[PDB]
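The structure under discussion appears below in the form of structure tokens.
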Amino acid sequence: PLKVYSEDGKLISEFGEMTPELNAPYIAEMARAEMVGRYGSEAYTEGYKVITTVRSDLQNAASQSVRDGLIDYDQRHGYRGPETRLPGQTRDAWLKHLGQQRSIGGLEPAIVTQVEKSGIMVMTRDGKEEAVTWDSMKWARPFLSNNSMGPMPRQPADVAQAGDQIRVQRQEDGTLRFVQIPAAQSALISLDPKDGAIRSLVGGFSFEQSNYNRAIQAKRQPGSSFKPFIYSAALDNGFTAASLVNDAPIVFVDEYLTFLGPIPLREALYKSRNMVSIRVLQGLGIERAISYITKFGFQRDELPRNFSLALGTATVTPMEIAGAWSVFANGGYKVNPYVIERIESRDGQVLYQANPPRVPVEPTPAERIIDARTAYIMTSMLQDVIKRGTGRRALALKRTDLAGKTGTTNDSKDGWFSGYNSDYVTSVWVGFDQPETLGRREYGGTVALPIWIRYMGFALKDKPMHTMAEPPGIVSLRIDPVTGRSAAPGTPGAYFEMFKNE
Ligand SMILES: *C(=O)[C@H](CO/N=C(\C[C@@H](C(=O)O)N1C(=O)c2cc(O)c(O)cc2C1=O)C(=O)O)NC(=O)/C(=N\OC(C)(C)C(=O)O)c1csc(N)n1
């Protein structure tokens with residue numbers, strides 16, 4: 001009977017062929033699959049022991065973050081009604097129905113037994129009847145469309161009726177809050193950028209729903225969370241953090257066989273200026289870009305061979321994105337994300353000890369793909385996204401070492417946040433499986449970034465500031481904001497900027 005364990009030693013699950021301390025089904029499945037590829041059906045029989053890269057504390061932080069974040073978003077959009085309406089049915093029968101219902105993401109099924117002007121009485125699977133306050137029901141305004149909502153409910157009867165099958169969430173003070181299972185989905189992945197080990201993975205709201213692992217299976221458009229790769233290529237192909245690029249509309253042609261306006265490359269990056277991103281790619285040329293980009297972990301077959309590439313219209317997985325961002329985090333090295341740390345035998349003999357490519361402090365040396373100075377300047381700029389840009393909500397963590405980037409696809413069809421420090425790389429996706437707008441007022445920063453912040457808050461709790469150390473070969477010089485070139489003394493507006501020795 002296959003036993004899957006976390007790095008810290010907690011039992012995730014067991015697999016066999018004809019009690020979990022840590023709930024990590026997405027991780028569990030990844031191990032089961034990997035083991036089967038390695039040993040066959042004999043993996044389930046022999047009693048092997050798999051030791052994963054995940055840490056229990058971090059795993060539950062991820063789990064909670066995604067759940068809370070999906071619930072927060074869901075409520076903002078209203079109530080979509082009960083799961084079942086069982087009026088006139090006996091308590092014994094209600095208990096019968098409830099018996100075949102399961103908890104989905106800490107959200108327990110309950111049947112409304114009574115509706116009072118003060119609240120509701122609900123029965124759980126156990127048969128226990130408990131009160132639910134009108135306060136926890138006040139949010140339950142009618143959902144009409146991802147953009148339209150009904151009026152605020154004025155009494156519990158407006159929201160629920162006896163026989164209604166609802167959801168209740170227990171709190172730290174034993175009380176039950178009136179909830180609903182979100183229709184939106186999310187994906188969280190956190191890595192150690194040193195070797196590419198997955199420290200936490202969440203492939204949806206509940207495995208307890210579908211077994212689909214959106215962290216590794218779902219290919220979504222990264223939008224602006226992709227720009228760094230274009231800008232990194234820029235820094236490595238003639239441009240500088242100072243390079244002035246006109247943010248203005250782009251006229252275009254086909255011929256046989258926007259404010260700001262001209263701004264520094266750094267300004268454009270934290271400000272997600274698409275016109276700049278197009279012009280940079282233009283100068284770089286599609287091919288050169290793709291060849292540079294793929295080296296980060298992306299597949300040539302996912303990268304659009306046109307202008308749209310600059311806008312992040314590629315189809316990628318949160319694991320691919322996280323794997324790639326790790327390049328900037330670890331100072332320029334390609335790491336291969338992994339989940340099996342150890343495979344032990346029946347008796348305890350070590351059958352497998354993962355030796356991944358590792359960044360410098362026998363182990364496999366990690367290949368360097370980009371200039372250490374590139375990784376440093378790139379980090380510098382991406383920290384501004386938190387400091388000045390779209391990541392201002394992440395300043396709440398009171399940390400200096402944070403670098404990141406929000407991403408919002410057209411019509412808010414996807415919401416992203418990808419970021420790090422030298423400790424962890426965390427990639428957060430939010431959206432609908434069948435794409436639809438998350439809402440007019442919804443962005444990567446309003447859906448994903450909150451989840452990300454919650455998780456990074458916990459992960460980096462007792463962690464001191466850890467950013468990349470300045471590598472040899474960087475120079476900070478005064479620049480004329482108007483010319484983008486070295487500023488003579490007495491230049492108004494002159495500012496300092498880092499550069500690779502020209
Ligand atoms: C990058 O993803 C690029 C720019 O938009 N990116 C983000 C949204 C963000 C911002 O641009 O700063 N943002 C707003 O525009 C905005 C307006 C507003 O009134 C309030 O209150 C807040 C915000 C806000 O946070 C980001 O997360 O970084 N996006 C795109 O290029 C694509 N679509 O753009 C829109 C704006 C979402 C759109 O509907 O057109 C895109 C890239 S691939 C694809 N299919 N679309």
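By order in the structure tokens, chains are A, B, ...; within a chain, residues start at 1; ligands start at 1, following the order shown.
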With 9 Å as the cut-off and only C-alpha atoms and all ligand atoms counted, what is the closest atom pair between each nearby residue of chain A and ligand 1? Distances in Å to one decimal, ordered by chain and number, as a tab-separated table.
```
residue	atom	partner	partner_atom_place_in_ligand_line	distance
A:221	CA	ligand 1	43 (S)	6.0
A:222	CA	ligand 1	43 (S)	6.8
A:223	CA	ligand 1	42 (C)	3.9
A:224	CA	ligand 1	2 (O)	3.4
A:225	CA	ligand 1	2 (O)	6.5
A:226	CA	ligand 1	2 (O)	8.2
A:227	CA	ligand 1	1 (C)	8.1
A:270	CA	ligand 1	28 (O)	8.5
A:271	CA	ligand 1	12 (O)	6.4
A:272	CA	ligand 1	4 (C)	5.3
A:273	CA	ligand 1	4 (C)	6.8
A:274	CA	ligand 1	31 (O)	6.0
A:308	CA	ligand 1	43 (S)	7.6
A:309	CA	ligand 1	43 (S)	8.5
A:310	CA	ligand 1	31 (O)	8.7
A:311	CA	ligand 1	42 (C)	4.9
A:312	CA	ligand 1	43 (S)	5.0
A:313	CA	ligand 1	43 (S)	4.5
A:314	CA	ligand 1	43 (S)	8.0
A:389	CA	ligand 1	12 (O)	7.7
A:390	CA	ligand 1	12 (O)	5.9
A:391	CA	ligand 1	28 (O)	8.7
A:405	CA	ligand 1	28 (O)	6.7
A:406	CA	ligand 1	27 (O)	4.2
A:407	CA	ligand 1	27 (O)	3.8
A:408	CA	ligand 1	2 (O)	4.3
A:409	CA	ligand 1	46 (N)	3.5
A:410	CA	ligand 1	46 (N)	3.6
A:411	CA	ligand 1	39 (O)	4.0
A:412	CA	ligand 1	37 (C)	5.2
A:413	CA	ligand 1	45 (N)	7.7
A:414	CA	ligand 1	45 (N)	8.4
A:415	CA	ligand 1	27 (O)	7.0
A:416	CA	ligand 1	27 (O)	7.0
A:417	CA	ligand 1	27 (O)	7.9
A:440	CA	ligand 1	39 (O)	8.6
A:441	CA	ligand 1	21 (O)	6.5
A:442	CA	ligand 1	22 (C)	7.8
A:443	CA	ligand 1	25 (O)	5.4
A:444	CA	ligand 1	27 (O)	4.5
A:445	CA	ligand 1	27 (O)	5.8
A:446	CA	ligand 1	25 (O)	7.4
```
Per-residue DSSP, region 213-280 of chain A, filtered to strand (DSSP E), as an NGL selection string: :A and (244-247 or 261-264)
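Straight-line separation from CA of residue 361 (chain A) to CA of residue 197 (chain A): 15.8 Å.
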Go through A:216, A:183, A:245, A:189 and flag the residue nearest residue 71 (chain A), using only C-alpha atoms for the distances. A:183
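Residue nearest residue 142 (chain A) within the list A:77, A:398, A:479, A:128: A:77 [criterion: smallest interatomic distance, only C-alpha atoms].
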How would you write, as a PyMOL selection string, the set of residues in region 250-439 of chain A that DSSP gives as helix (DSSP H, G or I)? chain A and resi 265-270+274-284+286-294+300-302+307-311+318-329+372-387+392-397+410-412
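From CA of residue 84 (chain A) back to CA of residue 166 (chain A), the distance works out to 7.9 Å.
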Compare A:202, A:340, A:321, A:242 by their minimum atom-to-atom distance to residue 66 (chain A), counting only C-alpha atoms, and give me the closest one. A:202
Find the residues near residue 247 (chain A): any atom within 10 Å, counting only C-alpha atoms, skip ones fewer than 2 places away on the same chain, and give them as a ChimeraX atom specification. /A:244-245,249-250,258-264,268,273-279
Keeping C-alpha atoms for every residue in the selection just given, could you write it to a file as an mmCIF file, in the first residue's frame?
```
data_model
loop_
_atom_site.group_PDB
_atom_site.id
_atom_site.type_symbol
_atom_site.label_atom_id
_atom_site.label_comp_id
_atom_site.auth_asym_id
_atom_site.auth_seq_id
_atom_site.Cartn_x
_atom_site.Cartn_y
_atom_site.Cartn_z
ATOM 1 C CA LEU A 244 13.345 55.565 -23.403
ATOM 2 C CA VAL A 245 10.453 53.922 -25.350
ATOM 3 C CA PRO A 249 -0.544 53.955 -30.276
ATOM 4 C CA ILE A 250 1.111 51.767 -32.909
ATOM 5 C CA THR A 258 -2.070 55.779 -25.426
ATOM 6 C CA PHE A 259 -0.612 58.333 -22.907
ATOM 7 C CA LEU A 260 2.683 58.700 -20.913
ATOM 8 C CA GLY A 261 4.215 58.816 -23.703
ATOM 9 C CA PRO A 262 8.016 58.173 -24.208
ATOM 10 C CA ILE A 263 9.152 56.585 -20.860
ATOM 11 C CA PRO A 264 12.047 54.489 -19.285
ATOM 12 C CA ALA A 268 6.865 50.731 -18.552
ATOM 13 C CA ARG A 273 2.491 49.652 -20.581
ATOM 14 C CA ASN A 274 1.495 47.339 -23.511
ATOM 15 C CA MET A 275 2.589 49.832 -26.184
ATOM 16 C CA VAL A 276 6.131 49.722 -24.831
ATOM 17 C CA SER A 277 6.108 45.883 -24.582
ATOM 18 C CA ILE A 278 5.091 45.692 -28.327
ATOM 19 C CA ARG A 279 7.883 48.125 -29.404
#
```
Expressed in Å, the length from CA of residue 192 (chain A) to CA of residue 426 (chain A) is 9.3 Å
Identify which of the residues A:246, A:147, A:232, A:100 lies closest to residue 293 (chain A), counting only C-alpha atoms when measuring atom-to-atom distances. A:232
Contacts of region 168-179 of chain A at 7 Å (only C-alpha atoms; same-chain gap of 5+ positions) as an MDAnalysis selection string: chainID A and resid 106:110 132 136:137
Counting only C-alpha atoms, which residues of region 156-234 of chain A sit at most 12 Å from some atom of region 148-152 of chain A, and what is each one's closest atom pair with its distance in Å to one decimal, listed by chain and rising residue number, as a Markdown table?
```
| residue | atom | partner | partner_atom | distance |
| --- | --- | --- | --- | --- |
| A:156 | CA | A:152 | CA | 11.3 |
| A:158 | CA | A:152 | CA | 9.4 |
| A:159 | CA | A:152 | CA | 10.0 |
```
Could those residues be written to a file, using N, CA and C atoms, as an mmCIF file, in the first residue's frame?
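Below is the file that was written, part_3.cif:
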```
data_model
loop_
_atom_site.group_PDB
_atom_site.id
_atom_site.type_symbol
_atom_site.label_atom_id
_atom_site.label_comp_id
_atom_site.auth_asym_id
_atom_site.auth_seq_id
_atom_site.Cartn_x
_atom_site.Cartn_y
_atom_site.Cartn_z
ATOM 1 N N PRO A 156 -33.890 36.577 6.852
ATOM 2 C CA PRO A 156 -33.431 35.244 6.437
ATOM 3 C C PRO A 156 -34.337 34.528 5.441
ATOM 4 N N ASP A 158 -35.798 35.802 2.911
ATOM 5 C CA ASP A 158 -35.459 36.269 1.583
ATOM 6 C C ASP A 158 -34.431 35.337 0.952
ATOM 7 N N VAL A 159 -33.534 34.748 1.777
ATOM 8 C CA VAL A 159 -32.391 33.938 1.362
ATOM 9 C C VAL A 159 -32.594 32.429 1.321
#
```
Contact residues around residue 460 (chain A) with only C-alpha atoms at 10 Å, ignoring same-chain residues under 4 positions, as a VMD selection string: chain A and resid 397 399 421 423 to 424 455 to 456 464 to 466
Selection: 6 Å around region 322-328 of chain A, only C-alpha atoms, excl. self and same-chain fewer than 4 positions, as a VMD selection string: chain A and resid 193 296 to 297 332 to 334 375 427
Print the selection's residues with C-alpha atoms to a file, as a PDB file, in the first residue's frame.
```
ATOM      1  CA  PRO A 193      14.091  28.642  -6.404  1.00  0.00           C
ATOM      2  CA  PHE A 296      13.110  29.764 -18.992  1.00  0.00           C
ATOM      3  CA  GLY A 297      10.919  26.627 -19.169  1.00  0.00           C
ATOM      4  CA  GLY A 332      19.920  33.370 -13.436  1.00  0.00           C
ATOM      5  CA  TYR A 333      19.773  29.617 -13.225  1.00  0.00           C
ATOM      6  CA  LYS A 334      17.333  27.142 -14.823  1.00  0.00           C
ATOM      7  CA  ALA A 375      18.540  38.825 -12.803  1.00  0.00           C
ATOM      8  CA  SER A 427       2.404  31.834  -8.690  1.00  0.00           C
TER       9      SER A 427
END
```
Residue 164 (chain A) surroundings by only C-alpha atoms, 7 Å radius, close-in-sequence under 3 positions cut, as a PyMOL selection string: chain A and resi 82+84-86+111-112+160-161
Using only C-alpha atoms, can you tell me which of A:484, A:204, A:182, A:47 comes closest to residue 266 (chain A)? A:484
